[PDB]
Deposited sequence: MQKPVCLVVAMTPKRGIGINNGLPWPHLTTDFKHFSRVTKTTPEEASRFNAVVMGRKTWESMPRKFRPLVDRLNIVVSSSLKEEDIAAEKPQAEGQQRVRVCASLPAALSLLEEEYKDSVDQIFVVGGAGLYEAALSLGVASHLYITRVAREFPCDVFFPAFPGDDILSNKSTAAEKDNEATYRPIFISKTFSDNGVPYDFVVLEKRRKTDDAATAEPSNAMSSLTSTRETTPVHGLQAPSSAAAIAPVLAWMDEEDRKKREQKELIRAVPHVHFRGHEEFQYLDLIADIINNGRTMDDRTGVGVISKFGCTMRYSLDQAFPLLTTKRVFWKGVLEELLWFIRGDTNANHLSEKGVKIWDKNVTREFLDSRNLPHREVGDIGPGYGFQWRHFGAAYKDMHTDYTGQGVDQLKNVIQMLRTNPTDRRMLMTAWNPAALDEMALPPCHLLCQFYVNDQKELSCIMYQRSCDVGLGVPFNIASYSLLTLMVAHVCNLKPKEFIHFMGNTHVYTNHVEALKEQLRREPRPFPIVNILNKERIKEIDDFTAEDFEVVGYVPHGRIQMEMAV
């Protein structure tokens, strides 16, 4: 009696154009559709109910949908029209035609009470709209396509449609990890209409034996749940400490996350991440550049507060020009151990080029276990505006030419920095994979002092009420031009299908 809806949908609720699908073929989505509509426990089949145009949109070879009772809602098509279109295969059910959705559901009760198990409404907008109006839909199986495409047909507005993009309810109980086919990111959600072996162990367990992110979500496949759960874990279980800043901190020690890079890109969705910032900083690092004015001048001000006259003096660096971070990250990457003078100097050929070494080892001997890059130079710390937070990274290639990367971070501002750090090293992994002819597989985040500032806790709690959106894809453009790590520009990247929730203001502790 209670129907399910099954649908794939752009963020703007688009489902169709020109009586076809808006996107190229999404293989995994089709598998899912088939598997959800066919699978059943009994001589009980499922029924699929569809509109006339949806029936017409389907290629002849696939229609009628096999092993499923097909019902078409139409006032023009007759059952004989359909029977005449293609010969009924033995064992399959003869396609029914009904005048409306109510009629289709009556027919299912009247003529098929003992025959059908589940009822699926499978489009188009006519049927989705009616089903929601009648209030007979218990569950929505929604494939969220993260890219927008030209569409002329749309899934109707519904309470809970904030799962799709920014503006009885339908709340998500299931959010998968991000898939991709043909350069299209997407994921799967399910919404629900809302409004004496063990007996011997038991007594010993008994004596031996709160903030949660979107707790209604039971299957937490989306990899962003690692970040969301880490926020909750620190707030619930962390310890309140003082620190350098004078601001409060709640901290934990020794934390881990890992993000797939093969299908999509972990640009967190639960608040907008400053992508221009990640890209510009990483290119700056790669250059060995220590002049934060080069960032500031492009609208990336992340380093400004730590390179003021004031902050440099608090660090006993009176001789530093404003903007000079000293021998920080990129300097140690490209010139480890070289004698620093200032940000204006040519250091070409001084010290160890760790990045070159890593790349050359990846290209020639990828089973080597010493493919590390470090920014932590105890001899140079006092000369830096700030000791590095992300201080070491290690590369690994498997049997399939898949590249993984670990980064160790001594100090993790979970609220502000962590999302930015995830994106930064995930991007570096993409860039290195490309230049070494490898496939990016995984970014692995190892975290030391993992903390949330006290002045962030109330904003972070709001963030935890948001369900994640599918991750976008990052494409490297102009691959043919790009042969070395130094070749990348700010323009050779495309972020595809990024649909985050709004910015949340969070003040940087200087």
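Stretches with no C-alpha position, numbering per deposited sequence from 1
The deposited sequence has unmodelled segments at 1 to 2, 44 to 45, 172 to 180, 209 to 240, 255 to 265.
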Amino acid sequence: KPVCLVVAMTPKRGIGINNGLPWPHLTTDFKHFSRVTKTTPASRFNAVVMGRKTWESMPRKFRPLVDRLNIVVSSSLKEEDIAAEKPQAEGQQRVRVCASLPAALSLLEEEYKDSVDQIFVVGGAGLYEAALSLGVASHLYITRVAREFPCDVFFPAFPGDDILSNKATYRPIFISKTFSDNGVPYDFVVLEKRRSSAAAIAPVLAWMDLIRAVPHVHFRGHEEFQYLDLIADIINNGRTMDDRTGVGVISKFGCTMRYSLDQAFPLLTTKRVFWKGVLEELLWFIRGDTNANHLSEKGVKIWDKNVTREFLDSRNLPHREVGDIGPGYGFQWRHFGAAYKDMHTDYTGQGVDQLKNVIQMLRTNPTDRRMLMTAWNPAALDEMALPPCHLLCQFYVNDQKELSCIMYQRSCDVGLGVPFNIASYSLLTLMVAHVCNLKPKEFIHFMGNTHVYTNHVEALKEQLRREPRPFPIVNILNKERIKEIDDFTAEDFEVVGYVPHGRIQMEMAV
From here on, numbers count along this sequence of modelled residues.
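Going by the B-factors listed in the PDB entry, is the mean over the C-alpha atoms higher for 245 to 253 or for 121 to 129?
So the stretch with the higher mean C-alpha B-factor is 245 to 253.
Pick between 360 to 368 and 89 to 97: the one whose mean CA B-factor in the entry is higher.
According to the entry, 89 to 97 carries the higher average C-alpha B-factor.
By the CA temperature factor listed in this entry, which of these ranks top: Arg469, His451, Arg44, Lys441?
Out of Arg469, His451, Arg44, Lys441, the record gives the largest C-alpha B-factor to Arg44.
Reading the B-factor column of the entry, which of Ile71, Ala385, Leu430, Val190 has the highest value at its C-alpha atom?
Out of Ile71, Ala385, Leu430, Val190, the record gives the largest C-alpha B-factor to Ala385.
Of the three thirds of its chain by CA temperature factor, lowest, middle or highest, which one includes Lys479?
Tercile = middle for this residue's CA B-factor.
Looking at the entry's B-factor column for C-alpha atoms only, identify whether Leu5 ranks in the lowest, middle or highest third of its chain.
For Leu5, the deposited C-alpha B-factor lands in the middle third.
What third of the chain does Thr270 rank in for C-alpha temperature factor, lowest, middle or highest?
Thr270: CA B-factor falls in the middle third of its chain.
Looking at the temperature factor on the CA atom of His390, which third of the chain's modelled residues does it land in?
Middle third of the chain for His390's C-alpha B-factor.
For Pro419, does the deposited CA B-factor place it in the lowest, middle or highest third of the chain?
For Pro419, the deposited C-alpha B-factor lands in the lowest third.
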